[PDB]
Amino acid sequence: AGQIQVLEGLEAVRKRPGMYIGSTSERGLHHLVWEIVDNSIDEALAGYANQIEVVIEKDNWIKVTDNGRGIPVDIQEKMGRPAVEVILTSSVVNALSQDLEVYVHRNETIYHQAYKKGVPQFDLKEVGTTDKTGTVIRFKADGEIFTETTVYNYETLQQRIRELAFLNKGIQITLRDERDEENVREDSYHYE
Ligand SMILES: [Cl-]
Ligand SMILES: [Mg+2]
């Protein structure tokens, strides 16, 4: 019943995306980033992260990295699935992304899963080792949902990231635009 309910959730969000994120215009596109960044900020506020990096990658992928605990990977009694899988298959960003990847650094291990329109492409995999903790999320907004534009606006991201760092003092939040490899722009904010 758990994973059927997952599938129905994805269908619901993709059918009425604007009920979930406000709009499917440029505003809703940028709201994807806010949803993810907000979750990292909660992890900082909980006491466990202090650095968040947002990268606009080639072809308008977004990568958000935090140095928090890493999303848990333990098997849920609820779903019979790893915790990270439950969390990401119930994410609006994931449902509304053509593709999304997560890398978790936790338990001295790097774990990876990928998704399309919220559907996992393979089971969560151990792919390496690590001496850090945190989470990396990379996603590509689905152009079938965001029919006006899937191109992010650096200045829009910059303005809100600046505001978020100012509001959440102590968190280092970095924005980087790598879309043009010949001219990479970065702004990093860190208030007291
Ligand atoms: Cl875990
Ligand atoms: Mg939260």
# chains A, B, ... in the order shown; residues from 1 in each chain; ligands from 1
>>> residues_near_ligand(ligand="ligand 1", cutoff="6 Å", atoms="only C-alpha atoms and all ligand atoms", output="list in words")
residues 72, 73 and 74 of chain A
>>> residues_around(residues="range 32-37 of chain A", least_positions_apart="4", cutoff="8 Å", atoms="only C-alpha atoms", output="ChimeraX atom specification")
/A:21,28,41,52,62,64,93
>>> closest_residue(among="A:4, A:56, A:102, A:95", to="residue 174 in chain A", atoms="only C-alpha atoms")
A:56
>>> residues_around(residues="residue 168 in chain A", least_positions_apart="5", cutoff="9 Å", atoms="only C-alpha atoms", output="mmCIF file with C-alpha atoms, in the first residue's frame")
data_model
loop_
_atom_site.group_PDB
_atom_site.id
_atom_site.type_symbol
_atom_site.label_atom_id
_atom_site.label_comp_id
_atom_site.auth_asym_id
_atom_site.auth_seq_id
_atom_site.Cartn_x
_atom_site.Cartn_y
_atom_site.Cartn_z
ATOM 1 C CA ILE A 41 18.511 25.217 6.105
ATOM 2 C CA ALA A 44 21.560 23.799 9.800
ATOM 3 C CA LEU A 45 19.004 25.085 12.183
ATOM 4 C CA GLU A 163 18.368 37.045 1.980
ATOM 5 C CA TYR A 191 26.627 36.558 8.001
#
>>> atom_distance(atom1="CA of residue 127 in chain A", atom2="CA of residue 101 in chain A")
13.0 Å
>>> residues_around(residues="residue 68 in chain A", least_positions_apart="6", cutoff="10 Å", atoms="only C-alpha atoms", output="PyMOL selection string")
chain A and resi 40-44+46-52+104-106+132-135
>>> write_last_selection(atoms="C-alpha atoms", output="short mmCIF file (atom, residue, chain, number, x, y, z; two decimals), in the first residue's frame")
data_model
loop_
_atom_site.label_atom_id
_atom_site.label_comp_id
_atom_site.auth_asym_id
_atom_site.auth_seq_id
_atom_site.Cartn_x
_atom_site.Cartn_y
_atom_site.Cartn_z
CA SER A 40 19.17 22.13 4.01
CA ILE A 41 18.51 25.22 6.11
CA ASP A 42 16.39 23.10 8.49
CA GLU A 43 19.37 20.78 8.89
CA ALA A 44 21.56 23.80 9.80
CA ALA A 46 18.91 21.63 13.83
CA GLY A 47 22.61 22.16 14.54
CA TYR A 48 24.11 19.79 11.98
CA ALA A 49 25.05 21.77 8.83
CA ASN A 50 26.70 25.10 8.19
CA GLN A 51 27.44 25.20 4.49
CA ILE A 52 25.05 25.09 1.56
CA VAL A 104 24.46 10.82 0.51
CA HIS A 105 27.68 10.91 2.48
CA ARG A 106 26.91 9.04 5.77
CA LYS A 132 32.44 13.62 5.44
CA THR A 133 28.66 13.76 5.97
CA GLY A 134 26.13 15.58 3.89
CA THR A 135 23.79 15.40 0.96
#
>>> residues_around(residues="residue 58 in chain A", least_positions_apart="2", cutoff="7 Å", atoms="only C-alpha atoms", output="count of residues only")
5
>>> select_by_dssp(residues="range 33-184 of chain A", states="strand (DSSP E)", output="mmCIF file with N, CA and C atoms, in the first residue's frame")
data_model
loop_
_atom_site.group_PDB
_atom_site.id
_atom_site.type_symbol
_atom_site.label_atom_id
_atom_site.label_comp_id
_atom_site.auth_asym_id
_atom_site.auth_seq_id
_atom_site.Cartn_x
_atom_site.Cartn_y
_atom_site.Cartn_z
ATOM 1 N N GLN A 51 27.030 24.794 5.800
ATOM 2 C CA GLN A 51 27.438 25.200 4.491
ATOM 3 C C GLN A 51 26.459 24.607 3.495
ATOM 4 N N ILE A 52 25.980 25.474 2.633
ATOM 5 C CA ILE A 52 25.047 25.091 1.556
ATOM 6 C C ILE A 52 25.597 25.657 0.274
ATOM 7 N N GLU A 53 25.648 24.867 -0.813
ATOM 8 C CA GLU A 53 26.176 25.377 -2.085
ATOM 9 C C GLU A 53 25.121 25.081 -3.129
ATOM 10 N N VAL A 54 24.796 26.099 -3.912
ATOM 11 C CA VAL A 54 23.856 25.956 -5.002
ATOM 12 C C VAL A 54 24.626 26.252 -6.270
ATOM 13 N N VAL A 55 24.588 25.266 -7.208
ATOM 14 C CA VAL A 55 25.319 25.409 -8.493
ATOM 15 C C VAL A 55 24.298 25.301 -9.635
ATOM 16 N N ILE A 56 24.329 26.286 -10.547
ATOM 17 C CA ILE A 56 23.588 26.158 -11.803
ATOM 18 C C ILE A 56 24.583 25.528 -12.771
ATOM 19 N N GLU A 57 24.307 24.313 -13.185
ATOM 20 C CA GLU A 57 25.191 23.498 -13.979
ATOM 21 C C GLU A 57 24.756 23.644 -15.425
ATOM 22 N N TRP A 61 20.749 22.171 -15.049
ATOM 23 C CA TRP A 61 20.688 21.347 -13.831
ATOM 24 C C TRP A 61 20.977 22.243 -12.647
ATOM 25 N N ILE A 62 20.396 21.908 -11.509
ATOM 26 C CA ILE A 62 20.767 22.544 -10.262
ATOM 27 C C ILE A 62 21.375 21.499 -9.375
ATOM 28 N N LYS A 63 22.435 21.841 -8.666
ATOM 29 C CA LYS A 63 23.068 20.940 -7.677
ATOM 30 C C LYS A 63 23.003 21.670 -6.379
ATOM 31 N N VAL A 64 22.436 21.032 -5.321
ATOM 32 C CA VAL A 64 22.446 21.638 -4.018
ATOM 33 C C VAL A 64 23.210 20.666 -3.125
ATOM 34 N N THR A 65 24.192 21.196 -2.418
ATOM 35 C CA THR A 65 25.056 20.405 -1.517
ATOM 36 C C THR A 65 24.967 21.008 -0.133
ATOM 37 N N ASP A 66 24.779 20.162 0.891
ATOM 38 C CA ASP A 66 24.925 20.649 2.276
ATOM 39 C C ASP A 66 25.873 19.735 3.025
ATOM 40 N N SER A 97 10.760 16.973 -11.710
ATOM 41 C CA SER A 97 12.072 16.885 -12.397
ATOM 42 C C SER A 97 12.084 15.760 -13.380
ATOM 43 N N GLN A 98 12.604 16.011 -14.581
ATOM 44 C CA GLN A 98 12.822 14.925 -15.537
ATOM 45 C C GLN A 98 13.775 13.920 -15.023
ATOM 46 N N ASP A 99 14.773 14.407 -14.275
ATOM 47 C CA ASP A 99 15.784 13.564 -13.681
ATOM 48 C C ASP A 99 16.253 14.183 -12.380
ATOM 49 N N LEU A 100 16.577 13.348 -11.412
ATOM 50 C CA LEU A 100 17.084 13.827 -10.145
ATOM 51 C C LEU A 100 18.016 12.789 -9.643
ATOM 52 N N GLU A 101 19.144 13.231 -9.033
ATOM 53 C CA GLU A 101 20.106 12.301 -8.459
ATOM 54 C C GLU A 101 20.376 12.728 -7.002
ATOM 55 N N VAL A 102 20.612 11.792 -6.114
ATOM 56 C CA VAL A 102 21.021 12.105 -4.765
ATOM 57 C C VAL A 102 22.335 11.353 -4.528
ATOM 58 N N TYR A 103 23.266 11.997 -3.808
ATOM 59 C CA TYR A 103 24.421 11.327 -3.238
ATOM 60 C C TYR A 103 24.412 11.645 -1.782
ATOM 61 N N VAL A 104 24.369 10.624 -0.920
ATOM 62 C CA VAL A 104 24.463 10.820 0.506
ATOM 63 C C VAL A 104 25.829 10.379 1.007
ATOM 64 N N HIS A 105 26.461 11.218 1.805
ATOM 65 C CA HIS A 105 27.685 10.910 2.482
ATOM 66 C C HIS A 105 27.273 10.630 3.948
ATOM 67 N N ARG A 106 27.379 9.386 4.428
ATOM 68 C CA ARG A 106 26.909 9.042 5.770
ATOM 69 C C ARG A 106 27.496 7.662 6.084
ATOM 70 N N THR A 109 30.305 6.195 3.973
ATOM 71 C CA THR A 109 29.895 5.608 2.775
ATOM 72 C C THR A 109 29.184 6.667 1.892
ATOM 73 N N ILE A 110 29.389 6.548 0.601
ATOM 74 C CA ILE A 110 28.657 7.359 -0.343
ATOM 75 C C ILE A 110 27.560 6.509 -0.943
ATOM 76 N N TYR A 111 26.285 6.947 -0.840
ATOM 77 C CA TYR A 111 25.156 6.217 -1.399
ATOM 78 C C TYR A 111 24.575 7.041 -2.539
ATOM 79 N N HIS A 112 24.070 6.370 -3.567
ATOM 80 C CA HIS A 112 23.526 7.051 -4.746
ATOM 81 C C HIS A 112 22.240 6.417 -5.201
ATOM 82 N N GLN A 113 21.299 7.248 -5.597
ATOM 83 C CA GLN A 113 20.100 6.838 -6.304
ATOM 84 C C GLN A 113 19.719 7.910 -7.319
ATOM 85 N N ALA A 114 19.081 7.479 -8.389
ATOM 86 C CA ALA A 114 18.578 8.365 -9.423
ATOM 87 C C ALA A 114 17.132 8.063 -9.695
ATOM 88 N N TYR A 115 16.456 9.090 -10.162
ATOM 89 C CA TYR A 115 14.996 9.104 -10.347
ATOM 90 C C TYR A 115 14.656 9.827 -11.637
ATOM 91 N N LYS A 116 13.486 9.448 -12.234
ATOM 92 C CA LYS A 116 12.882 10.207 -13.334
ATOM 93 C C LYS A 116 11.435 10.425 -13.025
ATOM 94 N N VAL A 119 10.245 8.613 -10.018
ATOM 95 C CA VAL A 119 10.372 7.153 -9.996
ATOM 96 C C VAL A 119 11.839 6.720 -9.908
ATOM 97 N N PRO A 120 12.201 5.934 -8.884
ATOM 98 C CA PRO A 120 13.605 5.464 -8.781
ATOM 99 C C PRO A 120 13.973 4.620 -9.970
ATOM 100 N N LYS A 125 22.329 2.574 -3.959
ATOM 101 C CA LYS A 125 23.597 1.854 -4.121
ATOM 102 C C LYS A 125 24.681 2.497 -3.326
ATOM 103 N N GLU A 126 25.553 1.685 -2.732
ATOM 104 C CA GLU A 126 26.798 2.167 -2.206
ATOM 105 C C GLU A 126 27.783 2.348 -3.350
ATOM 106 N N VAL A 127 28.354 3.540 -3.490
ATOM 107 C CA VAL A 127 29.224 3.816 -4.663
ATOM 108 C C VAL A 127 30.649 4.249 -4.276
ATOM 109 N N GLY A 128 30.888 4.474 -3.019
ATOM 110 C CA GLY A 128 32.185 4.900 -2.590
ATOM 111 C C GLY A 128 32.254 5.075 -1.131
ATOM 112 N N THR A 129 33.356 5.697 -0.702
ATOM 113 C CA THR A 129 33.608 5.929 0.715
ATOM 114 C C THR A 129 33.929 7.376 0.930
ATOM 115 N N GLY A 134 26.932 14.584 4.559
ATOM 116 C CA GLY A 134 26.131 15.582 3.888
ATOM 117 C C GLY A 134 25.360 14.968 2.766
ATOM 118 N N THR A 135 24.665 15.849 2.063
ATOM 119 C CA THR A 135 23.789 15.405 0.965
ATOM 120 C C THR A 135 23.999 16.269 -0.230
ATOM 121 N N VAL A 136 24.041 15.590 -1.408
ATOM 122 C CA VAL A 136 24.074 16.265 -2.707
ATOM 123 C C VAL A 136 22.837 15.893 -3.454
ATOM 124 N N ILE A 137 22.125 16.891 -3.973
ATOM 125 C CA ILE A 137 20.896 16.676 -4.820
ATOM 126 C C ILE A 137 21.175 17.395 -6.127
ATOM 127 N N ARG A 138 21.031 16.730 -7.273
ATOM 128 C CA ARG A 138 21.131 17.384 -8.560
ATOM 129 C C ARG A 138 19.852 17.074 -9.296
ATOM 130 N N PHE A 139 19.215 18.081 -9.868
ATOM 131 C CA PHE A 139 17.977 17.882 -10.608
ATOM 132 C C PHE A 139 17.854 18.717 -11.830
ATOM 133 N N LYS A 140 17.062 18.158 -12.785
ATOM 134 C CA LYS A 140 16.771 18.824 -14.002
ATOM 135 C C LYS A 140 15.237 19.004 -14.075
ATOM 136 N N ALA A 141 14.798 20.241 -14.022
ATOM 137 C CA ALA A 141 13.358 20.567 -14.064
ATOM 138 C C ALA A 141 12.705 19.971 -15.297
ATOM 139 N N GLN A 172 26.933 29.441 5.724
ATOM 140 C CA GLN A 172 27.622 29.893 4.530
ATOM 141 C C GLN A 172 26.827 29.373 3.341
ATOM 142 N N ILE A 173 26.309 30.263 2.534
ATOM 143 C CA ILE A 173 25.543 29.817 1.374
ATOM 144 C C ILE A 173 26.213 30.402 0.111
ATOM 145 N N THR A 174 26.546 29.516 -0.796
ATOM 146 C CA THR A 174 27.329 29.832 -1.997
ATOM 147 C C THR A 174 26.475 29.600 -3.209
ATOM 148 N N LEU A 175 26.455 30.564 -4.113
ATOM 149 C CA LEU A 175 25.801 30.363 -5.428
ATOM 150 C C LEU A 175 26.863 30.390 -6.499
ATOM 151 N N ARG A 176 26.823 29.451 -7.452
ATOM 152 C CA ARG A 176 27.840 29.430 -8.506
ATOM 153 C C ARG A 176 27.136 29.156 -9.796
ATOM 154 N N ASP A 177 27.457 29.909 -10.871
ATOM 155 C CA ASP A 177 26.886 29.650 -12.226
ATOM 156 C C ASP A 177 27.954 29.065 -13.125
#
>>> atom_distance(atom1="CA of residue 149 in chain A", atom2="CA of residue 14 in chain A")
16.6 Å
>>> closest_residue(among="A:29, A:19, A:87, A:12", to="ligand 2", atoms="only C-alpha atoms and all ligand atoms")
A:87
>>> closest_residue(among="A:122, A:20, A:166, A:152", to="residue 96 in chain A", atoms="only C-alpha atoms")
A:20
>>> atom_distance(atom1="CA of residue 18 in chain A", atom2="CA of residue 2 in chain A")
24.8 Å
>>> select_by_dssp(residues="range 36-187 of chain A", states="alpha helix (DSSP H)", output="number ranges by chain")
A: 36-45, 83-89, 92-95, 154-167
